[PDB]
Amino acid sequence: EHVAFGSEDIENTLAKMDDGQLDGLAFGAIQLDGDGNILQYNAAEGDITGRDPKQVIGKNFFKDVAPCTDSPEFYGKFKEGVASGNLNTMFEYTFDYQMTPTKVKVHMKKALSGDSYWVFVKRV
Ligand SMILES: *C(=O)/C=C/c1ccc(O)cc1
């Protein structure tokens with residue numbers, strides 16, 4: 001249905017969704033495996049970043065797609081949460097690789113499905 005950015009049970013709602021449904025979200029949604037490889041990437045995210053969602057699948061988010069996020073402030077928090085098993089964290093960030101510098105709010109949250117982690121993004 002409608003689901004809001006930052007919802008307490010967002011991972012429950014998104015677990016139920018196909019590509020088209022993920023594409024209809026109000027916010028960018030990326031699913032990563034524990035190594036940061038991109039499993040899913042929705043249309044809303046591509047509208048923020050200019051990436052083609054169909055072609056970033058399989059790439060590594062931190063190494064290749066989003067090098068500006070390779071930092072203790074973003075990637076560091078991702079890996080801490082993958083390790084702890086309790087990934088659920090929110091912060092502001094600026095995305096600026098091969099796009100106009102864009103201020104965003106990011107929410108990372110463990111998925112219900114195996115070896116899966118969400119990165120949610122909205123403009124601020
Ligand atoms: C910094 O390099 C961020 C880049 C970026 C963030 C999010 C995406 O979906 C794509 C590229």
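Heads up: numbering here begins at 1 and tracks the sequence. All values below were derived from every heavy atom in this structure, side-chain atoms included, with hydrogens, water molecules and symmetry-related copies excluded. Every number for a ligand or one of its atoms is a count from 1 in the order of the listing.
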Can you list the atoms of ligand 1 that are under 4.0 Å from a heavy atom of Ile30? 9 (O)
Closer than 4.0 angstrom: is that true for some heavy atom of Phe61 and an atom of ligand 1? yes
Please round to the nearest 0.5 Å and tell me the distance separating atom CG of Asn37 and atom CD of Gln31. 12.0 Å
So which heavy atom in the protein is nearest atom 5 (C) of ligand 1, and how far is it from that ligand atom? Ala66 CB, 3.4 Å
Under 4.0 Å from one or more heavy atoms of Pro67, ligand 1 contributes atoms 2 (O)
Nitrogen or oxygen atoms of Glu45 and ligand 1 under 3.5 Å apart: yes
Scanning both residues in full, the closest heavy-atom pair of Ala4 with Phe27 reads C-CE2, 3.9 Å
Just to be sure I read this right, does ligand 1 sit under 4.0 Å from the backbone of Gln98, its side chain, both, or neither, counting only heavy atoms? neither
With under 30° as parallel and over 60° as perpendicular, where do the rings of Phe74 and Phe61 fit, or are they tilted in between? tilted
For atom 10 (C) of ligand 1, what is the nearest protein heavy atom, given as residue, atom name and distance? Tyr41 OH, 3.4 Å
heavy-atom search around atom 1 (C) of ligand 1 in the protein gives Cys68 SG, 1.8 Å
Report yes if some N/O of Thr69 lies less than 3.5 Å from some N/O of ligand 1; otherwise report no. no
I'd like to know if the side chain of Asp33 reaches the main chain of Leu39, judged simply by a donor and an acceptor atom lying under 3.5 Å from each other, with no hydrogens or angles considered. no
Give me the atom names and distance for the closest heavy-atom approach of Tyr93 to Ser71. OH-OG, 2.8 Å
Can any side-chain N or O of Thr13 pair as donor or acceptor with the backbone N or O of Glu11 at less than 3.5 Å? no
Can you classify the ring geometry of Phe78 versus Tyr117 as parallel (below 30°), tilted (30 to 60°) or perpendicular (above 60°)? perpendicular
Below a 4.0 angstrom heavy-atom separation, can you tell me which part of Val65, side chain or backbone, both or neither, approaches ligand 1? both
